[PDB]
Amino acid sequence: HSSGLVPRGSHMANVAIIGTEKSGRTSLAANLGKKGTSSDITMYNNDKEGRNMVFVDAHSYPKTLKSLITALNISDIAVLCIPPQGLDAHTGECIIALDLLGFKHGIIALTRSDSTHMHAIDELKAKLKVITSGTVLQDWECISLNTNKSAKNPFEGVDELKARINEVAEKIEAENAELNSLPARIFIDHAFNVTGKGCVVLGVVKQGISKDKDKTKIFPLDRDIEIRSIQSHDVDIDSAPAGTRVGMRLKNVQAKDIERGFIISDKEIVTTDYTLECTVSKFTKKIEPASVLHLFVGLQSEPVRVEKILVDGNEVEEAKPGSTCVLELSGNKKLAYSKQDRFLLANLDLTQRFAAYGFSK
């Protein structure tokens, strides 16, 4: 039994469209759905073709990492856009990030196909098979495409991209369905007041099934709240299973006290210090005590200081690139997370900024 005249169905896909500068990312996203929410990232919604699809353009990247990380942590499928001769620094950083995130499902879009030739495209695909070997992108399909209605072959590859997205989405739907039996958790990516109905948050159910009228909590505030209503692509629904992108009206909390990264659940860890079992990127500088890094977990990001570095329980003076260690970190703001949330560490001053991934010990 469900609300409405027809169930929503288990058909949806949250897709992140990312990549280096001038890679055709925005043009692709904009041609895949209609522009909706826009901040440092932009949602393009398309629920007119079967699945409730949301494409997130991380348009503030490469300028900021949070744009990229937020887009990836609210999506289940990544589309990495690489233009002709596009093997540059940020394309490399994107590959590293996806791999440090253990991002399972994705596709590489070899954009701007009308500006190149099949033989060059075959050569770029060959190079990529190599660059992605031994990474989570190793078996991702590479699809040549363009979004130029005036090209000799207008929009070639777009139909193929859509088809592959739907296939991958089918696998994701089954994986998310398995999470329905867990306690509910919703990551909030936006929050604002709406005249006539108050506090509204937009986010995605990460696990379990959130239900209209649930009495739960919001973290890091650790405050009781009630879910007044849940909307999916503008229609009220009685429940929202894992993977569902939602809009929710909340009772007992003001939009002004909610930030991207807050979590709705019955329980979350809230701390300002962290002890993480980490794996350091081979493509970063050795990490040392007293150094400063940037931490990302869920949809939160903040600077942190390295207080202590240990290996096999013993304290050391550095963690070299490509090593595993335990990092004791300290920050100023309270962040919310559960043990299953993967942490990312970065050094915003480097060229390739991702330094490591880790989990709370």
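We number the residues from 1 along the sequence you see.
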Which of the two stretches, 130 to 138 or 78 to 86, shows the higher mean Cα temperature factor in the record?
130 to 138
Using only the Cα atoms and their B-factors as the entry lists them, report which of 318 to 326 and 25 to 33 averages higher.
318 to 326
Selection from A120, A163, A97, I143 [criterion: highest C-alpha temperature factor in the record]:
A163
Highest CA temperature factor in the entry: which of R260, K211, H105, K285?
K285
Could you say whether, by C-alpha temperature factor, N332 belongs to the lowest, middle or highest third of its chain?
highest
Based on the entry's values, in what third of the chain does the Cα temperature factor of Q352 lie: lowest, middle or highest?
lowest
Sorting the chain's modelled residues by C-alpha B-factor and splitting them into thirds places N14 in the lowest
Among all modelled residues of this chain, ranked by Cα B factor, put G243 in the bottom, middle or top third, i.e. lowest, middle or highest.
lowest
Where does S232 sit by CA temperature factor within its chain: lowest, middle or highest third?
highest
